[PDB]
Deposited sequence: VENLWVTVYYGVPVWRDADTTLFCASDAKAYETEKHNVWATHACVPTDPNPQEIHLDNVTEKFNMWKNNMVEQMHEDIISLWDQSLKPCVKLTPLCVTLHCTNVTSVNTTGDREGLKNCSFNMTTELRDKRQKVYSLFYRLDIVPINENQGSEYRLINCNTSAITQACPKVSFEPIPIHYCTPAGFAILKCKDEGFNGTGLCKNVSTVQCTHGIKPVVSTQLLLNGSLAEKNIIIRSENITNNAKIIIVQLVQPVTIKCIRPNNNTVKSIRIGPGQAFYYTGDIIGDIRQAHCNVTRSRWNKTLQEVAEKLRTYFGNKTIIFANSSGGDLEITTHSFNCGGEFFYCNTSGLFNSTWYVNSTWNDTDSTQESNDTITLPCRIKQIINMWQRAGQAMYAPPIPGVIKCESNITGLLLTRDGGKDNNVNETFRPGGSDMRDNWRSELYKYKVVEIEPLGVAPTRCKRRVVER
């Protein structure tokens, strides 16, 4: 004979998705980290011996939920900033006079008094101006003007991706896989539970992962289906590859007041010589890094000639490497970093030509556009390349070789490299089991 007995506070859980709130280390930040609740100074991490749980990062809701949250943050930050609606005016632009990617645009902008106009000479990057009449010239309309209104990014706020800890509410937990070499999906043996994720820097990058988490002791390749050519392939590096970026153009910012008390920032003049922006990366490190990736890529799908090409072709935002450091938005051509072949057998830097874009659409949205104000002085940016976003275009049966093209055209993939170790679980404190007991009456 047996009787059912209920247990409260039982240590069991179930897969689930829920609303998540941040937590930042202790106003003028794009992610509103100051308004975010302060993080817990004690990282309460509890290990789970003998616990084996399966993780499916490609089917979770954390990245999908974080994607919407980040978009709402980017926008809630641009909401109170100056609206450059009056900037959509015909711009008479001419070749910059002091390599051909900057144009000297002269336009009539509104002034505080609605019945007066000010002529202002600004220098805009060609990538942000489109010819009004293709046949003629000296008539360039601001890009994104025929799709949505432009919204100036506030200059006092910073776009730096400081770490943010995504934490669950009370009664919920976030598991943390710690098995070394754990790929995208699998049964994690070294499972552990923490109050919430570590500092996840919300870096906005495309075609490459910057300042992200590194591997433990070996290269890790994660994907929901490696054989599927249409699926994204994320590679995590064990040894970071430092990349240095710089904008030699010593732009001189100038300010003008448009409308009632709304300032507009632009590039007045370039002091000294004008030189294109670029990024330096040690050839030995990158060349040696791909040697390991090619060696590891040859493991999942067998020994075949690994080849890397220069993107798949298309628009700048999806065929070039994006940046968000130094208050600027670079668009680097990574053709030099994926121009090598690797067989079974097998000063000193690689220069990446980069173009700067002011009017941008980071979330691939056509209903909203943002104008990044220029930053005075020669901006420098150094970061660590810790992950790569690869895609195999082997639509035709690969016989001896297949080309790997970096990209993905999706923003959710980059953040997946930082949340692959987690999975939200709803703890069920109630449990029932048979027992040899009967309550009194």
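Of the deposited sequence, positions 1 to 2, 29 to 34, 107 to 112, 361 to 371, 467 to 469 lack any modelled C-alpha atom.
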